[PDB]
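The chain contents come next:
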Amino acid sequence: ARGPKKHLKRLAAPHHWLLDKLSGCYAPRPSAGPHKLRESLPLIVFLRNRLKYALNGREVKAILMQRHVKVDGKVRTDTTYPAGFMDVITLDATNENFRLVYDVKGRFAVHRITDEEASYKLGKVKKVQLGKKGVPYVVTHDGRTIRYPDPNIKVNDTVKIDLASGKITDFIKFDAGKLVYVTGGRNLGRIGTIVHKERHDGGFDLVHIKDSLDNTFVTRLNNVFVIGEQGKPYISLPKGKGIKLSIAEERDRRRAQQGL
Amino acid sequence: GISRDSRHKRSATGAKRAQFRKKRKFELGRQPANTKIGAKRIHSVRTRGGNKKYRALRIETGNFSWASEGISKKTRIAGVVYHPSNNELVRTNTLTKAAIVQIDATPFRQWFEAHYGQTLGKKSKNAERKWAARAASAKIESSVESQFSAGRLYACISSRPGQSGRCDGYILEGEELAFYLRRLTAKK
Amino acid sequence: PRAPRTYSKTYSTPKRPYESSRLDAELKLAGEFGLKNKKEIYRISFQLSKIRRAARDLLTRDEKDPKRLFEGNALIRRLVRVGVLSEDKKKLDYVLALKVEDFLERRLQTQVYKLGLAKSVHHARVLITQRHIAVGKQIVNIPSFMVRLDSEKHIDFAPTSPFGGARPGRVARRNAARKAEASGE
RNA sequence: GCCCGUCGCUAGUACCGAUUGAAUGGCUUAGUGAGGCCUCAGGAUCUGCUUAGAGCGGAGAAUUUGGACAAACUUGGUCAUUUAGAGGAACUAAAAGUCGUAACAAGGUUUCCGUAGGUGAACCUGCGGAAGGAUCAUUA
RNA sequence: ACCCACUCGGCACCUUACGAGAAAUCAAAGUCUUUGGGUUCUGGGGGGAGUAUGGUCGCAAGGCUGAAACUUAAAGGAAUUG
RNA sequence: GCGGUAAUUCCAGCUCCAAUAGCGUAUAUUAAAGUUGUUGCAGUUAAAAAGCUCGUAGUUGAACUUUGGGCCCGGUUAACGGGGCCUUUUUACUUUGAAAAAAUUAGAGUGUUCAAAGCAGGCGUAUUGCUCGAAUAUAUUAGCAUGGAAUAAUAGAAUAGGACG
RNA sequence: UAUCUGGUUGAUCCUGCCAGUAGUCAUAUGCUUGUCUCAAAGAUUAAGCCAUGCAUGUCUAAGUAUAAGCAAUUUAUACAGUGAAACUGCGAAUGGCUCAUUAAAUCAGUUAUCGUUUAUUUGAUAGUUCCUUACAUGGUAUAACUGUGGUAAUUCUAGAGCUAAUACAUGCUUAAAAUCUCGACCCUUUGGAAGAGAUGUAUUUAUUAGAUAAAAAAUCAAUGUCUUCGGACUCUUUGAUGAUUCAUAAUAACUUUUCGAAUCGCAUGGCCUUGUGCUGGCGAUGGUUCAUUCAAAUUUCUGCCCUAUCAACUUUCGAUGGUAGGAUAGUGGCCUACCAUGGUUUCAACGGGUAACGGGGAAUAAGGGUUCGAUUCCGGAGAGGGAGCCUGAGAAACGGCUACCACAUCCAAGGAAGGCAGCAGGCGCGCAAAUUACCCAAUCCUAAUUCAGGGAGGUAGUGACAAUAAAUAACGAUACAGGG
RNA sequence: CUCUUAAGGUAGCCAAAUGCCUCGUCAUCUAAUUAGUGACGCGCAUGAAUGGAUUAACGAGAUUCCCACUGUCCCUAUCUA
Ligand SMILES: NC[C@@H]1O[C@H](O[C@H]2[C@@H](O)[C@H](O[C@@H]3[C@@H](O)[C@H](N)C[C@H](N)[C@H]3O[C@H]3O[C@H](CO)[C@@H](O)[C@H](O)[C@H]3N)O[C@@H]2CO)[C@H](N)[C@@H](O)[C@@H]1O
Ligand SMILES: NC[C@@H]1O[C@H](O[C@H]2[C@@H](O)[C@H](O[C@@H]3[C@@H](O)[C@H](N)C[C@H](N)[C@H]3O[C@H]3O[C@H](CO)[C@@H](O)[C@H](O)[C@H]3N)O[C@@H]2CO)[C@H](N)[C@@H](O)[C@@H]1O
Ligand SMILES: NC[C@@H]1O[C@H](O[C@H]2[C@@H](O)[C@H](O[C@@H]3[C@@H](O)[C@H](N)C[C@H](N)[C@H]3O[C@H]3O[C@H](CO)[C@@H](O)[C@H](O)[C@H]3N)O[C@@H]2CO)[C@H](N)[C@@H](O)[C@@H]1O
Ligand SMILES: [Mg+2]
Ligand SMILES: [Mg+2]
Ligand SMILES: [Mg+2]
Ligand SMILES: [Mg+2]
Ligand SMILES: [Mg+2]
Ligand SMILES: [Mg+2]
Ligand SMILES: [Mg+2]
Ligand SMILES: [Mg+2]
Ligand SMILES: [Mg+2]
Ligand SMILES: [Mg+2]
Ligand SMILES: [Mg+2]
Ligand SMILES: [Mg+2]
Ligand SMILES: [Mg+2]
Ligand SMILES: [Mg+2]
Ligand SMILES: [Mg+2]
Ligand SMILES: [Mg+2]
Ligand SMILES: [Mg+2]
Ligand SMILES: [Mg+2]
Ligand SMILES: [Mg+2]
Ligand SMILES: [Mg+2]
Ligand SMILES: [Mg+2]
Ligand SMILES: [Mg+2]
Ligand SMILES: [Mg+2]
Ligand SMILES: [Mg+2]
Ligand SMILES: [Mg+2]
Ligand SMILES: [Mg+2]
Ligand SMILES: [Mg+2]
Ligand SMILES: [Mg+2]
Ligand SMILES: [Mg+2]
Ligand SMILES: [Mg+2]
Ligand SMILES: [Mg+2]
Ligand SMILES: [Mg+2]
Ligand SMILES: [Mg+2]
Ligand SMILES: [Mg+2]
Ligand SMILES: [Mg+2]
Ligand SMILES: [Mg+2]
Ligand SMILES: [Mg+2]
Ligand SMILES: [Mg+2]
Ligand SMILES: [Mg+2]
Ligand SMILES: [Mg+2]
Ligand SMILES: [Mg+2]
Ligand SMILES: [Mg+2]
Ligand SMILES: [Mg+2]
Ligand SMILES: [Mg+2]
Ligand SMILES: [Mg+2]
Ligand SMILES: [Mg+2]
Ligand SMILES: [Mg+2]
Ligand SMILES: [Mg+2]
Ligand SMILES: [Mg+2]
Ligand SMILES: [Mg+2]
Ligand SMILES: [Mg+2]
Ligand SMILES: [Mg+2]
Ligand SMILES: [Mg+2]
Ligand SMILES: [Mg+2]
Ligand SMILES: [Mg+2]
Ligand SMILES: [Mg+2]
Ligand SMILES: [Mg+2]
Ligand SMILES: [Mg+2]
Ligand SMILES: [Mg+2]
Ligand SMILES: [Mg+2]
Ligand SMILES: [Mg+2]
Ligand SMILES: [Mg+2]
Ligand SMILES: [Mg+2]
Ligand SMILES: [Mg+2]
Ligand SMILES: [Mg+2]
Ligand SMILES: [Mg+2]
Ligand SMILES: [Mg+2]
Ligand SMILES: [Mg+2]
Ligand SMILES: [Mg+2]
Ligand SMILES: [Mg+2]
Ligand SMILES: [Mg+2]
Ligand SMILES: [Mg+2]
Ligand SMILES: [Mg+2]
Ligand SMILES: [Mg+2]
Ligand SMILES: [Mg+2]
Ligand SMILES: [Mg+2]
Ligand SMILES: [Mg+2]
Ligand SMILES: [Mg+2]
Ligand SMILES: [Mg+2]
Ligand SMILES: [Mg+2]
Ligand SMILES: [Mg+2]
Ligand SMILES: [Mg+2]
Ligand SMILES: [Mg+2]
Ligand SMILES: [Mg+2]
Ligand SMILES: [Mg+2]
Ligand SMILES: [Mg+2]
Ligand SMILES: [Mg+2]
Ligand SMILES: [Mg+2]
Ligand SMILES: [Mg+2]
Ligand SMILES: [Mg+2]
Ligand SMILES: [Mg+2]
Ligand SMILES: [Mg+2]
Ligand SMILES: [Mg+2]
Ligand SMILES: [Mg+2]
Ligand SMILES: [Mg+2]
Ligand SMILES: [Mg+2]
Ligand SMILES: [Mg+2]
Ligand SMILES: [Mg+2]
Ligand SMILES: [Mg+2]
Ligand SMILES: [Mg+2]
Ligand SMILES: [Mg+2]
């Protein structure tokens, strides 16, 4: 249709932004990012619709243009900038930090981590190849390309990544019984460990999973993110820790802490 | 402009389909530049997404490779002789791929005699050092040598002159040399 | 391209319109509740039918079905909370037996009459729609307001008007002021 | 009693129809063919390299060779959808006209079928059916 | 050749309704709201009408295929009493 | 069907019914309609079995191949369910899943005063505050992965050009 | 949310339709019309025609200011605050509208790119440029501007003279190796050796590696070390894929040789032989390849309504396939050349109709279904009809150009300009649908960019489309009838 | 029903090479048509081997129109024997 599409319509936006039907015809349309705007958080959504710090469209700009926000160590000027999975978002004048991690319903959760643990990030290595001159390279989910990596790292690992500089502080391989966060799907936002990886030649390997409460379920290998060693993530998970409590179970817990 | 679309065609059942939409640039095609021998003239085409194709218009003198020797020198490209698609290109002496042209043999003769030391097809003590080692590999072919007597060699254009702008190829050897020989003599 | 604001119609009108008996039963219900139009009888029989049909396809599900568990018990808990299903009749079988007078009984009109405050269903409504029957702090003038079981005890005259509080009506406050020049100067 | 057809008047729909009937669109053979694009050229003007003055290079307007694309005009055909028509010939409505009374009673020549010919009209006659017949019946 | 008993396969017939059907009736026209063994063909109020048109077959008479506009509350079946 | 002189039917008066900020009319479409019939029609006489037989397509097509016995482990309200031992040991289909846009439908939650909606909200000390949400399930064709082996198909040694070491 | 009734008769049971009943996010119309919430609305007839206005423009400290521009009084004598114009930059390919085409087409769900393109965004990537004479930074050219002008007339322009750059055209620059060739002279053995080139990246071709699964001795050319006249042989370099001629590296060349920073803003620090020497901070804009992101292009499987009064169709002149080429961003009969005779069909081709854009969905509410979808979202197509194209990363664009056809405006008769299926609004059409309003405050988008611009959008008018709520009266008194 | 004289124009066709009236009337063709064609038919005086109706093909037969063509014409000029 003649070129790039510069608009997004409300009701066409990602559901996990939790926008309201009325109030406008349009969503922000995240910028061209490290993350696919399908799965991503525009800064305006985070600040205005989650942190509830900004009340306006014009107000979100007054924050960024006041130099306040950074992301993954670097200041981010862009209103629609698509902060994705495993990001940082430091605000000095508010002293806080947030690592973006999914709910157990699958939305980006508003999750505060301390002045450390916002040092480093994890990312899933999407490909590892040979660059110019023979220089090997590796790139994460968020499009970080890191050069001269560890010969052990293959696709479908994770990498612990210093921010202020870069490169690679150790890593975690992919084999039986590792800690895993589910990137997207029916089971998106869950956490668990590897019961088996069903191999499929010519695409779409099934990855079997078991969580802390001993439930089984499967998703796509491409959505299987290794978050660390079994029972010990490398980052801080929020309440419920991606446990997928049943809808029936939910009702009780709401009417449990509800009383006197 | 010309259209590369498959929907101006007929369905494999044979039916003629109505025109569904207009012509769009990305399905276009453009005119052949039929490149013939002559003083180098090469036109630029602004391709898809910017970049450049290079139209070969008049092409003399482009790079050729002697396979077994592992060496490549530049020569004149006299004209065409054979061509599998259209003799019209032979007659008109147009340069495309699969061309089977004829090239200046002399820069290809010079390298040999200044390497293997034997003159082709009939002091500096450091040199006789080298020519001593390189011998016993010094027989080429009866069919590849004889053309040096004439001064022009049988070569096949492997570039796409209207595309790259270079007209390049490789001298014919082996049975491939024989195949086009049994053509030239038993055709013309 | 505005977001498509949705809606629905609240009532279902009867198939056979002229049935000689049903006409009477409705007329009574209009009087023995104090209803404006036959639509306020329709609104409830439609509510009841979707309530019934909900339980209808719910009992089709062999027991210990989460749908018959979670949903079926999310109905009862809503159905008792308003005083329709009695404090315990609670079952999926006892909602199917639940009739039309049960919702109508719980209306703010059919309550404001019930305990004091009215002594008519026609006085009730006229009281409701005019300002003051208010429940709690907030005035609610809807004769259909559907009093919940425990919201009952909070319903009395409103903080304004001659019945519950400051000032009398300006019918009378105009009467006291027209003797001001008659019995005064 | 019911009841058929012609004939006679009143209104309505469609049909056939001389007009080589009109109209709109699509696909089209032929002929012609704008325009930009590619290409062979051209060279108003302006202009750099090596050496008044001469040799070799770049920039470039009108104009132009050839080529593909190709609107569109003319003339034909084809398909679609719509439509005018003197006259023709039906059918349908409205009722207690005219002619006779074909069918319903063995309806007064049982009715009906296919076919064939004939007759103002329903109908009549030939052959071969059927029974939905007016006979379930002559081991007597 | 005749008699008798048995048994297939025939053209029918009789009684009973086990059933079925609007009934007349039906050993199928039964095994049908306890609705499915397989399969072929047709019908969808009465007219208009087997008309018009196209196609096709025939020497022709004709056959095969086969509409719509419009019109109408009945038409019809079986049985009952007159 | 009413009206041709005492009109239950027209024009009205009176009253009465019906639904009511809405009731009527035209047109379409759905239900009624088992009057399109897979479920689920009808065809002697009401509409309707080709004059008759052949026969391609299509639909459809008898039965038979592991039956039975003996123990075990772990499941959910002795009935039943799931997973293994021993006994001479190719599809069509069906389940589970994944990957399925949001709206919309269904549906949980919540006092928009009710509600249609909305996805807000709720408690507070109301002097630089706490905080649970935004559930859940869906066209069942195709594709992908998976458990199932009944049913129905399909291949296999007939001049052995068969199997096996 | 599993219902029926009325009508064929003298009466009867059937068949059977007509009629009644109810619903419609379904349209019109009539009569009536008070209150809150909510808010469809020229789709249908004619993608018919349209006067006028509006709808696309855009600057930060950070490209270009000598405005005969404003402004204080500038340490500001190169500039410096502000800042019109114009240059360079980017956008104008998004939106918004409409449903005319379109029946295997679009489209849906589902694959493919080991078959390509990609502004931007994010993440990395560059010591190599001259060769035998700026690096304290080469060269001109121009707009705005001023001034002389033409035409009835336009977002027309002529020629005269100035002046800028991240415009245009140019062009130096830096480590240590190491491997290659070629090779003056020394001259014997198992013999060697200065110093003359070549090596960034990209383009083009050719060739090479990109390998392994289990172990042992014999062969030839010349070496590849090495020790002490005895000759020893110690060692094979892969990253990835289901899969590659993949990534990546190697040699020989090739090239009207791609990029390799003559670029701006804030700062003003540190050294010492003090020359305005040498060295330095965070930024902005760029730039080569790679990945990423926003996309694009094609693509696998399966799925469309009526029609046989459409049964054969495709193949001139591409129909199906093979080869080669050409063209493309790239695959492919996309096109050309040669060659074969293929390809579809009663499991319905081909053809015709559609008052047909597909889908998400909508109406109906036993089940099984019937009917509808111009229309808020997604995809597609189009901008009167057709075609062609320039710029560009992206267009076969129309609020871009060029032509034709059909419209149609101005004119001074010479010529000139146009495309409401954007927002309003006019005529027309019909049964059929609203104001030539306000506004960037909200949602958001665009830009050099917090500021500006947005008939996207929002507000308001019109608005009995549809939906929700649900006033038009309430309680006694007195006077008669009536219930224990 | 009548009537003279045996019957009393059937199937068909038509202003026809048959129609007086007559350049019949209607439609069509044309700017205009005593022409042509299609109709209509109480047809002065069509009509059945005195053959009636139809009819493919054929024709130096009669007739109308169309396209092409042209000095037939507008309107005449020139050339050769
Ligand atoms: N809109 C009028 C014209 O439509 C033309 O386009 C026409 C065609 O694209 C298309 O016509 C189709 C045709 O393709 C196809 N092969 C046959 C089909 N019957 C035609 O259909 C057309 O005409 C029929 C009547 O014949 C109508 O019933 C129908 O609505 C119409 N679409 O439909 C359009 C007609 O509406 C041109 N765009 C242009 O000349 C003009 O705009
Ligand atoms: N809205 C986001 C999503 O869009 C989807 O849209 C569909 C299409 O856009 C997409 O189609 C293909 C895709 O399969 C494939 N993997 C990539 C391809 N580029 C896509 O196709 C694309 O290009 C084609 C050809 O030019 C266009 O016709 C098409 O409109 C465009 N989307 O595949 C999607 C699923 O079939 C779906 N509607 C849905 O999953 C979801 O709404
Ligand atoms: N003009 C014919 C039209 O036919 C239409 O429909 C006709 C046919 O389509 C329909 O079916 C006929 C059937 O009657 C006839 N007796 C047998 C024939 N096979 C069927 O034919 C139909 O179906 C077959 C497949 O069975 C198709 O192959 C055929 O193309 C189709 N016409 O029955 C109708 C004929 O009775 C409509 N009746 C109407 O539009 C009109 O009558
Ligand atoms: Mg955005
Ligand atoms: Mg997608
Ligand atoms: Mg083409
Ligand atoms: Mg008539
Ligand atoms: Mg042509
Ligand atoms: Mg031309
Ligand atoms: Mg007529
Ligand atoms: Mg006639
Ligand atoms: Mg008589
Ligand atoms: Mg009579
Ligand atoms: Mg009689
Ligand atoms: Mg008699
Ligand atoms: Mg008689
Ligand atoms: Mg008699
Ligand atoms: Mg008789
Ligand atoms: Mg009889
Ligand atoms: Mg007779
Ligand atoms: Mg007669
Ligand atoms: Mg009969
Ligand atoms: Mg049933
Ligand atoms: Mg019928
Ligand atoms: Mg017939
Ligand atoms: Mg016929
Ligand atoms: Mg009878
Ligand atoms: Mg009276
Ligand atoms: Mg009445
Ligand atoms: Mg009356
Ligand atoms: Mg039905
Ligand atoms: Mg079934
Ligand atoms: Mg029936
Ligand atoms: Mg019958
Ligand atoms: Mg037959
Ligand atoms: Mg809902
Ligand atoms: Mg079987
Ligand atoms: Mg009858
Ligand atoms: Mg009806
Ligand atoms: Mg319109
Ligand atoms: Mg509209
Ligand atoms: Mg658009
Ligand atoms: Mg079509
Ligand atoms: Mg798709
Ligand atoms: Mg110059
Ligand atoms: Mg100039
Ligand atoms: Mg000048
Ligand atoms: Mg390679
Ligand atoms: Mg940057
Ligand atoms: Mg053939
Ligand atoms: Mg062509
Ligand atoms: Mg080929
Ligand atoms: Mg090829
Ligand atoms: Mg290609
Ligand atoms: Mg052929
Ligand atoms: Mg259409
Ligand atoms: Mg449709
Ligand atoms: Mg649509
Ligand atoms: Mg329903
Ligand atoms: Mg249903
Ligand atoms: Mg039903
Ligand atoms: Mg339409
Ligand atoms: Mg429509
Ligand atoms: Mg759209
Ligand atoms: Mg228009
Ligand atoms: Mg540019
Ligand atoms: Mg377009
Ligand atoms: Mg546009
Ligand atoms: Mg255009
Ligand atoms: Mg416009
Ligand atoms: Mg003038
Ligand atoms: Mg408008
Ligand atoms: Mg009007
Ligand atoms: Mg309206
Ligand atoms: Mg409307
Ligand atoms: Mg705004
Ligand atoms: Mg603004
Ligand atoms: Mg400013
Ligand atoms: Mg309304
Ligand atoms: Mg009033
Ligand atoms: Mg006569
Ligand atoms: Mg006579
Ligand atoms: Mg006679
Ligand atoms: Mg006769
Ligand atoms: Mg005559
Ligand atoms: Mg005459
Ligand atoms: Mg004649
Ligand atoms: Mg005559
Ligand atoms: Mg004449
Ligand atoms: Mg005449
Ligand atoms: Mg005549
Ligand atoms: Mg006559
Ligand atoms: Mg006569
Ligand atoms: Mg006369
Ligand atoms: Mg005579
Ligand atoms: Mg005679
Ligand atoms: Mg005679
Ligand atoms: Mg005669
Ligand atoms: Mg004759
Ligand atoms: Mg002739
Ligand atoms: Mg003749
Ligand atoms: Mg003749
Ligand atoms: Mg003649
Ligand atoms: Mg002449």
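Residues numbered from 1 in each chain as written, not as in the entry; some residues may be left out. Chains lettered and ligands numbered in written order. Part of a larger assembly, values for the part shown. Heavy atoms only, no water.

- Per the deposition metadata, X-ray crystallography was the technique used to determine this entry, at a resolution of 3.3000 Å.

What about the overall build of chain A?
Right, on to step 1. Counting secondary structure elements, chain A contains 3 helices and 19 strands.
Right, on to step 2. Relative to the compact-globule value of 18 Å for 260 residues, chain A shows a C-alpha radius of gyration of 19 Å, a close match.
Right, on to step 3. A principal-axis box enclosing the C-alpha atoms of chain A has dimensions of 60 × 50 × 45 Å.
Right, on to step 4. Put simply, chain A has 260 residues, and 43% of those count as buried.
Right, on to step 5. For chain A, contacts bridging at least 24 residues in sequence account for 46% of all contacts bridging at least 6.
Right, on to step 6. When the accessible surface of chain A is summed, it comes to about 15,000 Å², and 51% of that surface belongs to carbon and sulfur atoms.
Right, on to step 7. Both charge centroids of chain A, one from 49 positive and one from 27 negative side chains, sit 7 Å from each other. (Helix = DSSP H or I, 4+ residues; strand = E, 2+ residues; numbered from the N terminus. Rg over C-alpha atoms; globule rule 2.2 N^0.38 Å. Buried < 20%, exposed > 50% of the residue type's maximum accessible area, 1.4 Å probe, protein only. Contact = heavy atoms within 4.5 Å. Areas by Shrake-Rupley, 256 points an atom, 1.4 Å probe, with all protein chains shown as cover. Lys, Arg positive; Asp, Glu negative; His and termini not counted. Charge placed at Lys NZ, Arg CZ, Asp CG, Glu CD.)

Observations concerning the side chain of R55(B)
Residue and element names in this part refer to chain B.
Right, on to step 1. The residue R55 is located in strand β5 (residues 53–58) in this model.
Right, on to step 2. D168 provides the closest opposite charge to the buried, unpaired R55, separated from it by 15 Å.
Right, on to step 3. Engagement of the side chain of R55 in a polar contact is seen with the backbone oxygen of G162, the distance being 2.5 Å.
Right, on to step 4. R55 has contacts with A33, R41, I42, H43, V45, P161, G162 and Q163, leaving out every residue within four places of it along the chain. (Salt bridge = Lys/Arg side-chain N within 4 Å of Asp/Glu carboxyl O. Polar contact = N/O pair within 3.5 Å; in protein donor to acceptor, adjacent residues only side chain to side chain.)

Some thoughts on the sheet that holds strand β19 (residues 232–233) of chain A
Whether parallel or antiparallel, the strands of a sheet pair through hydrogen bonds between backbone atoms.
Residue and element names in this part refer to chain A.
Right, on to step 1. Read from one edge to the other, the open sheet built from 6 strands follows the order β17-β16-β15-β14-β18-β19, with strand pairing classed as antiparallel. At either end of the open sheet lies a strand with only one pairing partner, and these are β17 (216–220) and β19.
Right, on to step 2. Relative to β17, strand β16 (residues 206–210) runs antiparallel, the two being bridged by 5 bridges. Bridge pairing in β17 links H208 to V218. (Pairing = 2+ DSSP bridges.)

Here's the deal with the interface of chain A and chain C
Right, on to step 1. The interface is formed by 7 residues belonging to chain A together with 7 residues belonging to chain C.
Right, on to step 2. In total, about 690 Å² of surface goes out of reach between chain A and chain C, with carbon and sulfur atoms giving 73% of it.
Right, on to step 3. Summed over the three residues of chain A that lose the most area to chain C, namely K21(A), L22(A) and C25(A), the buried surface amounts to 50% of that side.
Right, on to step 4. For the interface between chain A and chain C, the tally reads 0 salt bridges.
Right, on to step 5. Taken together, the residues of the side of chain A that touches chain C sort by class into 5 nonpolar, no polar and 2 charged. (Buried area = accessible area lost by both parts, 1.4 Å probe. Nonpolar A, V, L, I, M, F, W, Y, C, P; charged D, E, K, R; others polar.)

Examining the pairing of strand β10 (residues 101–104) of chain B
All names here are of chain B.
Right, on to step 1. Summarising the sheet, strand β8 (residues 79–80) and β10 pair through 2 bridges and their orientation is antiparallel. Note that in β10 the partner of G79 across the bridge is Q102.
Right, on to step 2. Sheet topology note: the β10/strand β11 (residues 152–157) ladder contains 4 bridges and is antiparallel. Across the sheet, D104 pairs through a bridge with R152, a residue of β11.

Description of the packing of aromatic side chains
Right, on to step 1. Scanning all chains against the criterion turns up 13 aromatic pairs over all chains.
Right, on to step 2. Between the aromatic rings of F157(C) and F163(C), the centroid separation amounts to 5.0 Å while the plane-to-plane angle is 50 degrees, which identifies the pairing as tilted.
Right, on to step 3. Three or more aromatic residues joined by ring pairs make a cluster, and in this case those are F85(A), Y102(A), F108(A), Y181(A) and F225(A).
Right, on to step 4. For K9(C), the ring lying beneath its charged end belongs to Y11(C), and the centroid distance is 4.0 Å. (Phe/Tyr/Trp six-rings, centres within 6.5 Å; stacked < 30°, edge-to-face > 60°. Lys NZ or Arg CZ within 6 Å of the ring centre and 35° of its normal.)

What to know about the sheet that holds strand β10 (residues 127–130) of chain A
Residues and elements named next belong to chain A.
Right, on to step 1. Pairing within the open sheet is antiparallel, and its 3 strands lie in the order β10-β11-β12. Pairing within the sheet leaves two strands with one partner each, and these edge strands are β10 and β12 (145–147). Neighbour to neighbour, the strand axes of the sheet diverge by 25 degrees on average, direction disregarded.
Right, on to step 2. Sheet topology places strand β11 (residues 136–139) next to β12; 3 bridges connect them, and they run antiparallel. In the strand pairing of β12, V139 is matched with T145. (Axes fitted to C-alpha atoms, helices over the stretch in contact; angles between N-to-C directions.)

Focus: the protein's contact with RNA strand F
Right, on to step 1. The immediate surroundings of RNA strand F are formed by 51 residues, with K21(A), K105(A), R186(A), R78(C) and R148(C) found nearest.
Right, on to step 2. Within 4 Å of the protein, the contacting atoms of RNA strand F are drawn from sugar and phosphate to the extent of 73%.
Right, on to step 3. A distance of 2.7 Å is found between a phosphate oxygen of RNA strand F and a side-chain nitrogen or oxygen belonging to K38(C).
Right, on to step 4. Looking at the surface near RNA strand F, the elements with two or more residues in it are β17 and α3 (247–256) of chain A together with α2 (39–59) and α3 (66–81) of chain C.
Right, on to step 5. Among the elements that take part in the surface near RNA strand F, α3(C) stands out by supplying 6 residues, more than any other.
Right, on to step 6. Considering only residue class, the surface near RNA strand F consists of 16 nonpolar, 14 polar and 21 charged. (Near = heavy atom within 4 Å.)

A word on unusual backbone geometry
Right, on to step 1. For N93(B), which is not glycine, the phi dihedral falls at a positive 55 degrees.
Right, on to step 2. Along the chain, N93(B) turns up in the loop between α1 (87–92) and β9 (94–95).
Right, on to step 3. The exposure class assigned to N93(B) is partly exposed, which follows from its relative accessible area of 24%.
Right, on to step 4. A positive phi angle, close to 65 degrees, is found at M146(C), a residue other than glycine.
Right, on to step 5. By the secondary structure assignment, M146(C) is in the loop between α7 (121–129) and α8 (161–164).

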